[PDB]
Amino acid sequence: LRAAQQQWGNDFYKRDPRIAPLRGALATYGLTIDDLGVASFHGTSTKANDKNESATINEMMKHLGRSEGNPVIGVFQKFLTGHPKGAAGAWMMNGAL
Amino acid sequence: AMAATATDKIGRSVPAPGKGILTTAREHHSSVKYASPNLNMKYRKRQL
Amino acid sequence: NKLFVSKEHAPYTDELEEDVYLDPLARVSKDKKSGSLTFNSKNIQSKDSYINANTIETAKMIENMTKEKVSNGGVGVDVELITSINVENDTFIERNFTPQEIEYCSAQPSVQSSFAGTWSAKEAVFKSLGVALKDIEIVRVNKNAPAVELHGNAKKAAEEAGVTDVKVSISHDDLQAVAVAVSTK
Amino acid sequence: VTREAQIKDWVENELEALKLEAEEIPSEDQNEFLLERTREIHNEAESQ
Amino acid sequence: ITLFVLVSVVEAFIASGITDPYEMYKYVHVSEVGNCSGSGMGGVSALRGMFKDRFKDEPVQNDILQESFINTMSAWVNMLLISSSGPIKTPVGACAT
């Protein structure tokens, strides 16, 4: 039963080159790419980082057909905390939650 | 719902950020005239 | 002193990077000029990557099964997972296949896929008639449409239903054999 | 082996269901529809 | 340490009969080649640089810190040889790494 739920519920997109990992992840719960409301950005206040990260998120959204007029809202927690190197993602994840 | 890691490409700058994580959005779009039944939760539930 | 050779370039240009990252089916190919393995724009988001020979064959077969293409006759569809065929099982092979079919399938690159292709054809023909599969012989010539020939009780069973002609199409690959048989009176 | 018999059946059923769906598609668009849907059934058979 | 790794990696590829690592990309996506190798202590000569040589005002390259990181060896492998965009999970496990 668990294997059948894995095939049809959890892992239906793993062998499907027409479904991005990002899209599959959301589609598991019936969400679309338009339901990704917030992007917690690494957002380190470096020239290179903040541009590359914006460009990357932006290209992901464009490729997956995110609706025109529906930008992800960026959060940049490090404005307040600074960059704790290895803990950076964990603080962002806590924020995200 | 997802977690992934990705390296970038040939280079000589260890600190330089890259675009390898863009691979999480990879999707083949040569043949997209018709919706995949695999994206339809009702289809998947019928199969289960 | 060149076991280690540092790459100067990624296999993609800066201009193709995002396209390569975003197409899961993108593969490198030998560049005719450099001789080096590179991503070429022609192989990025290319239909050929996704829609292969087996897909084209199978889609055509079931396109030739639509009511408007052909109707008013027995239609049989069979699929065999090629992993179901044990080619070492001399009992099953000798029982269900003629020496001509065994010779043809044995000579093919994937013996198992060819036997699955033939088994699927026989079972599709049997479903088309609507009544061992050795009675139904599939005559296969390279890059030519296969022919159906009914010998024993299959010939008699076809005469009872007044079946004049039986045609079969076969696609087979590393996974499955699909056969569509149309029996016309 | 028992499960492989069920997957063979599942593919037969999906191809039959696909033929019926393709009958209602206009003839010019029927090729592209069957290509997309046939590749998808192949993916799902392999997965199973 | 990075030179030991770079040599080991090319030699492992030769032992795999892969003399051009880009041949992998005839078979898999660039997202599908990973590096999960690691170290217990990393670039300890770079640590010496930053903790001791710098303190004695000895000449030390300005980017010594990056060469210390346990994951920098895998970065150089990717940067010099492999060019993947695949997973990169660098373990640290002392003697069990």
# chains A, B, ... in the order shown; residues from 1 in each chain; ligands from 1
>>> interface_residues(of="chain C", to="chain E", cutoff="6 Å", atoms="only C-alpha atoms", output="PDB file with C-alpha atoms, in the first residue's frame")
ATOM      1  CA  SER C   6      42.170  20.718 -16.146  1.00  0.00           C
ATOM      2  CA  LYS C   7      39.102  21.774 -18.139  1.00  0.00           C
ATOM      3  CA  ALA C  10      32.373  23.997 -18.984  1.00  0.00           C
ATOM      4  CA  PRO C  24      16.750  17.398 -17.833  1.00  0.00           C
ATOM      5  CA  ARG C  27      23.189  15.694 -23.311  1.00  0.00           C
ATOM      6  CA  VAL C  28      26.618  16.563 -24.646  1.00  0.00           C
TER       7      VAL C  28
END
>>> interface_residues(of="chain D", to="chain C", cutoff="6 Å", atoms="only C-alpha atoms", output="ChimeraX atom specification")
/D:8,23,34-35,39
>>> write_last_selection(atoms="N, CA and C atoms", output="PDB file, in the first residue's frame")
ATOM      1  N   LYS D   8       1.393  -5.174 -17.230  1.00  0.00           N
ATOM      2  CA  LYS D   8       1.005  -5.468 -18.650  1.00  0.00           C
ATOM      3  C   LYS D   8      -0.474  -5.091 -18.863  1.00  0.00           C
ATOM      4  N   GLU D  23      -9.843   9.619 -30.362  1.00  0.00           N
ATOM      5  CA  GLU D  23     -10.972   9.639 -31.344  1.00  0.00           C
ATOM      6  C   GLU D  23     -11.675  11.009 -31.308  1.00  0.00           C
ATOM      7  N   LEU D  34      -1.056  11.812 -29.207  1.00  0.00           N
ATOM      8  CA  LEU D  34      -0.709  10.379 -29.001  1.00  0.00           C
ATOM      9  C   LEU D  34       0.774  10.244 -28.645  1.00  0.00           C
ATOM     10  N   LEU D  35       1.634  11.021 -29.290  1.00  0.00           N
ATOM     11  CA  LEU D  35       3.075  11.075 -28.971  1.00  0.00           C
ATOM     12  C   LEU D  35       3.236  11.430 -27.484  1.00  0.00           C
ATOM     13  N   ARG D  39       4.328   8.449 -24.668  1.00  0.00           N
ATOM     14  CA  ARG D  39       5.578   8.654 -23.895  1.00  0.00           C
ATOM     15  C   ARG D  39       5.235   8.639 -22.397  1.00  0.00           C
TER      16      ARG D  39
END
>>> select_by_dssp(residues="chain B", states="alpha helix (DSSP H)", output="NGL selection string")
:B and (41-47)
>>> write_last_selection(atoms="N, CA, C and O atoms", output="short mmCIF file (atom, residue, chain, number, x, y, z; two decimals), in the first residue's frame")
data_model
loop_
_atom_site.label_atom_id
_atom_site.label_comp_id
_atom_site.auth_asym_id
_atom_site.auth_seq_id
_atom_site.Cartn_x
_atom_site.Cartn_y
_atom_site.Cartn_z
N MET B 41 -4.12 15.36 -9.85
CA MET B 41 -4.24 14.57 -8.62
C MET B 41 -5.42 13.60 -8.74
O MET B 41 -5.30 12.51 -8.22
N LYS B 42 -6.49 13.93 -9.44
CA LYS B 42 -7.64 12.98 -9.60
C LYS B 42 -7.24 11.72 -10.36
O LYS B 42 -7.80 10.66 -10.03
N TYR B 43 -6.45 11.87 -11.42
CA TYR B 43 -5.89 10.74 -12.20
C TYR B 43 -5.07 9.87 -11.26
O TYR B 43 -5.26 8.68 -11.19
N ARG B 44 -4.14 10.49 -10.53
CA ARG B 44 -3.22 9.75 -9.66
C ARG B 44 -4.03 8.99 -8.63
O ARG B 44 -3.69 7.84 -8.40
N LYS B 45 -5.04 9.62 -8.05
CA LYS B 45 -5.87 8.95 -7.02
C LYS B 45 -6.64 7.80 -7.64
O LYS B 45 -6.79 6.75 -7.00
N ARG B 46 -7.13 7.96 -8.85
CA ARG B 46 -7.84 6.83 -9.52
C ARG B 46 -6.89 5.63 -9.66
O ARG B 46 -7.29 4.52 -9.36
N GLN B 47 -5.62 5.88 -10.00
CA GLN B 47 -4.62 4.82 -10.19
C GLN B 47 -4.34 4.11 -8.87
O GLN B 47 -4.16 2.88 -8.86
#
>>> closest_atom_pairs(of="chain D", to="chain B", cutoff="9 Å", atoms="only C-alpha atoms", output="Markdown table")
| residue | atom | partner | partner_atom | distance |
| --- | --- | --- | --- | --- |
| D:32 | CA | B:33 | CA | 7.6 |
| D:33 | CA | B:34 | CA | 6.6 |
| D:35 | CA | B:31 | CA | 8.6 |
| D:36 | CA | B:31 | CA | 6.5 |
| D:37 | CA | B:36 | CA | 7.5 |
| D:40 | CA | B:36 | CA | 7.4 |
| D:44 | CA | B:38 | CA | 8.6 |
>>> interface_residues(of="chain A", to="chain D", cutoff="12 Å", atoms="only C-alpha atoms", output="list in words")
residues 3, 4, 5, 6, 7, 8, 11, 12, 13, 14, 15, 16, 17, 18 and 19 of chain A
>>> closest_atom_pairs(of="chain B", to="chain A", cutoff="8 Å", atoms="only C-alpha atoms", output="CSV")
residue,atom,partner,partner_atom,distance
B:1,CA,A:25,CA,5.3
B:2,CA,A:25,CA,5.8
B:16,CA,A:48,CA,7.4
B:17,CA,A:49,CA,6.2
B:18,CA,A:52,CA,6.7
B:19,CA,A:56,CA,6.0
B:21,CA,A:56,CA,7.7
B:22,CA,A:56,CA,6.0
B:24,CA,A:21,CA,5.5
B:25,CA,A:20,CA,5.0
B:26,CA,A:20,CA,5.1
B:27,CA,A:20,CA,4.8
B:28,CA,A:18,CA,4.9
B:29,CA,A:18,CA,6.5
B:38,CA,A:12,CA,6.9
B:39,CA,A:27,CA,7.0
B:41,CA,A:30,CA,7.0
B:44,CA,A:8,CA,5.2
B:45,CA,A:8,CA,6.9
B:47,CA,A:8,CA,7.1
B:48,CA,A:4,CA,6.2
>>> residues_around(residues="residue A:34", least_positions_apart="6", cutoff="10 Å", atoms="only C-alpha atoms", output="PDB file with C-alpha atoms, in the first residue's frame")
ATOM      1  CA  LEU A  26       4.301  21.504  -4.661  1.00  0.00           C
ATOM      2  CA  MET A  61       9.923  31.155 -11.875  1.00  0.00           C
ATOM      3  CA  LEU A  64       8.050  27.026 -14.601  1.00  0.00           C
ATOM      4  CA  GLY A  65       5.487  29.562 -15.950  1.00  0.00           C
ATOM      5  CA  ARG A  66       4.909  31.523 -12.782  1.00  0.00           C
ATOM      6  CA  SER A  67       2.094  34.005 -13.629  1.00  0.00           C
ATOM      7  CA  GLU A  68       3.119  37.445 -14.838  1.00  0.00           C
ATOM      8  CA  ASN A  70       2.904  37.277  -9.279  1.00  0.00           C
ATOM      9  CA  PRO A  71       6.433  37.926  -7.980  1.00  0.00           C
ATOM     10  CA  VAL A  72       7.787  35.906  -5.072  1.00  0.00           C
TER      11      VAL A  72
END
>>> closest_atom_pairs(of="chain C", to="chain A", cutoff="12 Å", atoms="only C-alpha atoms", output="tab-separated table")
residue	atom	partner	partner_atom	distance
C:17	CA	A:59	CA	11.7
C:18	CA	A:59	CA	8.1
C:19	CA	A:63	CA	9.5
C:21	CA	A:60	CA	10.1
C:22	CA	A:63	CA	7.5
C:23	CA	A:17	CA	8.2
C:24	CA	A:17	CA	6.2
C:25	CA	A:17	CA	7.3
C:26	CA	A:17	CA	10.8
C:45	CA	A:18	CA	10.8
C:47	CA	A:18	CA	11.9
C:49	CA	A:17	CA	10.3
C:50	CA	A:17	CA	8.2
C:51	CA	A:17	CA	11.5
>>> select_by_dssp(residues="stretch 2-176 of chain C", states="strand (DSSP E or B)", output="VMD selection string")
chain C and resid 29 to 30 37 to 38 74 to 81 136 to 139 147 to 150 165 to 172 176
>>> atom_distance(atom1="atom CA of residue C:157", atom2="atom CA of residue C:105")
26.7 Å
>>> atom_distance(atom1="atom CA of residue C:13", atom2="atom CA of residue C:43")
13.9 Å
>>> atom_distance(atom1="atom CA of residue E:65", atom2="atom CA of residue E:43")
9.0 Å
>>> residues_around(residues="residue C:36", least_positions_apart="6", cutoff="9 Å", atoms="only C-alpha atoms", output="VMD selection string")
(chain C and resid 11 29 to 30) or (chain E and resid 22)
>>> decode(residues="stretch 25-56 of chain A", atoms="N, CA and C atoms", output="PDB file, in the first residue's frame")
ATOM      1  N   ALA A  25       7.223  18.784  -6.172  1.00  0.00           N
ATOM      2  CA  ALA A  25       7.205  18.971  -4.724  1.00  0.00           C
ATOM      3  C   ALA A  25       5.909  19.657  -4.286  1.00  0.00           C
ATOM      4  N   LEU A  26       5.508  20.726  -4.972  1.00  0.00           N
ATOM      5  CA  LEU A  26       4.301  21.504  -4.661  1.00  0.00           C
ATOM      6  C   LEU A  26       3.077  20.719  -5.128  1.00  0.00           C
ATOM      7  N   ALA A  27       3.137  20.114  -6.314  1.00  0.00           N
ATOM      8  CA  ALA A  27       1.978  19.375  -6.879  1.00  0.00           C
ATOM      9  C   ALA A  27       1.609  18.187  -6.005  1.00  0.00           C
ATOM     10  N   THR A  28       2.522  17.646  -5.229  1.00  0.00           N
ATOM     11  CA  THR A  28       2.195  16.560  -4.267  1.00  0.00           C
ATOM     12  C   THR A  28       1.017  16.976  -3.370  1.00  0.00           C
ATOM     13  N   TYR A  29       0.903  18.249  -3.007  1.00  0.00           N
ATOM     14  CA  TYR A  29      -0.113  18.788  -2.060  1.00  0.00           C
ATOM     15  C   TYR A  29      -1.182  19.536  -2.840  1.00  0.00           C
ATOM     16  N   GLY A  30      -1.150  19.497  -4.160  1.00  0.00           N
ATOM     17  CA  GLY A  30      -2.123  20.223  -4.989  1.00  0.00           C
ATOM     18  C   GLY A  30      -1.790  21.685  -5.145  1.00  0.00           C
ATOM     19  N   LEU A  31      -0.572  22.086  -4.799  1.00  0.00           N
ATOM     20  CA  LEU A  31      -0.107  23.461  -5.000  1.00  0.00           C
ATOM     21  C   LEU A  31       0.487  23.585  -6.385  1.00  0.00           C
ATOM     22  N   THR A  32       0.440  24.789  -6.895  1.00  0.00           N
ATOM     23  CA  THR A  32       1.051  25.164  -8.170  1.00  0.00           C
ATOM     24  C   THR A  32       2.233  26.048  -7.876  1.00  0.00           C
ATOM     25  N   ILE A  33       2.988  26.347  -8.906  1.00  0.00           N
ATOM     26  CA  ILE A  33       4.158  27.241  -8.772  1.00  0.00           C
ATOM     27  C   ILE A  33       3.705  28.634  -8.303  1.00  0.00           C
ATOM     28  N   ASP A  34       2.460  29.049  -8.567  1.00  0.00           N
ATOM     29  CA  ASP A  34       1.922  30.352  -8.093  1.00  0.00           C
ATOM     30  C   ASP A  34       1.682  30.379  -6.577  1.00  0.00           C
ATOM     31  N   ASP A  35       1.710  29.242  -5.896  1.00  0.00           N
ATOM     32  CA  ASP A  35       1.510  29.144  -4.427  1.00  0.00           C
ATOM     33  C   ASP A  35       2.810  29.348  -3.643  1.00  0.00           C
ATOM     34  N   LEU A  36       3.951  29.373  -4.296  1.00  0.00           N
ATOM     35  CA  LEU A  36       5.191  29.756  -3.628  1.00  0.00           C
ATOM     36  C   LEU A  36       5.175  31.262  -3.412  1.00  0.00           C
ATOM     37  N   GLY A  37       4.780  31.680  -2.228  1.00  0.00           N
ATOM     38  CA  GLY A  37       4.576  33.091  -1.921  1.00  0.00           C
ATOM     39  C   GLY A  37       5.837  33.807  -1.575  1.00  0.00           C
ATOM     40  N   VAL A  38       6.739  33.152  -0.868  1.00  0.00           N
ATOM     41  CA  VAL A  38       7.905  33.840  -0.300  1.00  0.00           C
ATOM     42  C   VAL A  38       9.142  33.078  -0.670  1.00  0.00           C
ATOM     43  N   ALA A  39      10.181  33.826  -0.910  1.00  0.00           N
ATOM     44  CA  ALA A  39      11.521  33.301  -1.133  1.00  0.00           C
ATOM     45  C   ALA A  39      12.355  33.966  -0.061  1.00  0.00           C
ATOM     46  N   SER A  40      12.804  33.149   0.870  1.00  0.00           N
ATOM     47  CA  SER A  40      13.794  33.542   1.862  1.00  0.00           C
ATOM     48  C   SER A  40      15.117  33.469   1.121  1.00  0.00           C
ATOM     49  N   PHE A  41      15.706  34.608   0.902  1.00  0.00           N
ATOM     50  CA  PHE A  41      16.956  34.732   0.143  1.00  0.00           C
ATOM     51  C   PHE A  41      18.106  34.640   1.091  1.00  0.00           C
ATOM     52  N   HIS A  42      19.134  33.963   0.641  1.00  0.00           N
ATOM     53  CA  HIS A  42      20.436  33.923   1.298  1.00  0.00           C
ATOM     54  C   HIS A  42      20.828  35.360   1.609  1.00  0.00           C
ATOM     55  N   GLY A  43      20.787  36.216   0.596  1.00  0.00           N
ATOM     56  CA  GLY A  43      20.682  37.677   0.781  1.00  0.00           C
ATOM     57  C   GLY A  43      21.704  38.237   1.748  1.00  0.00           C
ATOM     58  N   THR A  44      22.963  38.150   1.385  1.00  0.00           N
ATOM     59  CA  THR A  44      24.103  38.383   2.277  1.00  0.00           C
ATOM     60  C   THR A  44      24.572  39.813   2.237  1.00  0.00           C
ATOM     61  N   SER A  45      24.049  40.633   1.348  1.00  0.00           N
ATOM     62  CA  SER A  45      24.421  42.052   1.225  1.00  0.00           C
ATOM     63  C   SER A  45      25.771  42.119   0.501  1.00  0.00           C
ATOM     64  N   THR A  46      26.083  41.145  -0.324  1.00  0.00           N
ATOM     65  CA  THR A  46      27.251  41.224  -1.232  1.00  0.00           C
ATOM     66  C   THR A  46      26.729  41.556  -2.616  1.00  0.00           C
ATOM     67  N   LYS A  47      27.530  42.228  -3.399  1.00  0.00           N
ATOM     68  CA  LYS A  47      27.148  42.575  -4.783  1.00  0.00           C
ATOM     69  C   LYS A  47      26.784  41.318  -5.564  1.00  0.00           C
ATOM     70  N   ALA A  48      27.698  40.363  -5.580  1.00  0.00           N
ATOM     71  CA  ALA A  48      27.546  39.176  -6.438  1.00  0.00           C
ATOM     72  C   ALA A  48      26.377  38.334  -5.936  1.00  0.00           C
ATOM     73  N   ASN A  49      26.290  38.114  -4.637  1.00  0.00           N
ATOM     74  CA  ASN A  49      25.313  37.154  -4.094  1.00  0.00           C
ATOM     75  C   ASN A  49      23.907  37.588  -4.471  1.00  0.00           C
ATOM     76  N   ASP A  50      23.545  38.822  -4.132  1.00  0.00           N
ATOM     77  CA  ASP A  50      22.120  39.259  -4.167  1.00  0.00           C
ATOM     78  C   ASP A  50      21.659  39.299  -5.627  1.00  0.00           C
ATOM     79  N   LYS A  51      22.525  39.670  -6.549  1.00  0.00           N
ATOM     80  CA  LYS A  51      22.167  39.635  -7.975  1.00  0.00           C
ATOM     81  C   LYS A  51      21.983  38.197  -8.483  1.00  0.00           C
ATOM     82  N   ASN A  52      22.922  37.313  -8.178  1.00  0.00           N
ATOM     83  CA  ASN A  52      22.900  35.913  -8.670  1.00  0.00           C
ATOM     84  C   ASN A  52      21.683  35.232  -8.108  1.00  0.00           C
ATOM     85  N   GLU A  53      21.399  35.476  -6.866  1.00  0.00           N
ATOM     86  CA  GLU A  53      20.273  34.798  -6.217  1.00  0.00           C
ATOM     87  C   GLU A  53      18.965  35.276  -6.821  1.00  0.00           C
ATOM     88  N   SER A  54      18.810  36.576  -6.993  1.00  0.00           N
ATOM     89  CA  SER A  54      17.605  37.117  -7.665  1.00  0.00           C
ATOM     90  C   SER A  54      17.448  36.531  -9.059  1.00  0.00           C
ATOM     91  N   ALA A  55      18.502  36.554  -9.848  1.00  0.00           N
ATOM     92  CA  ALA A  55      18.503  36.015 -11.226  1.00  0.00           C
ATOM     93  C   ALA A  55      18.118  34.542 -11.219  1.00  0.00           C
ATOM     94  N   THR A  56      18.603  33.775 -10.243  1.00  0.00           N
ATOM     95  CA  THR A  56      18.344  32.330 -10.188  1.00  0.00           C
ATOM     96  C   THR A  56      16.869  32.115  -9.887  1.00  0.00           C
TER      97      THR A  56
END
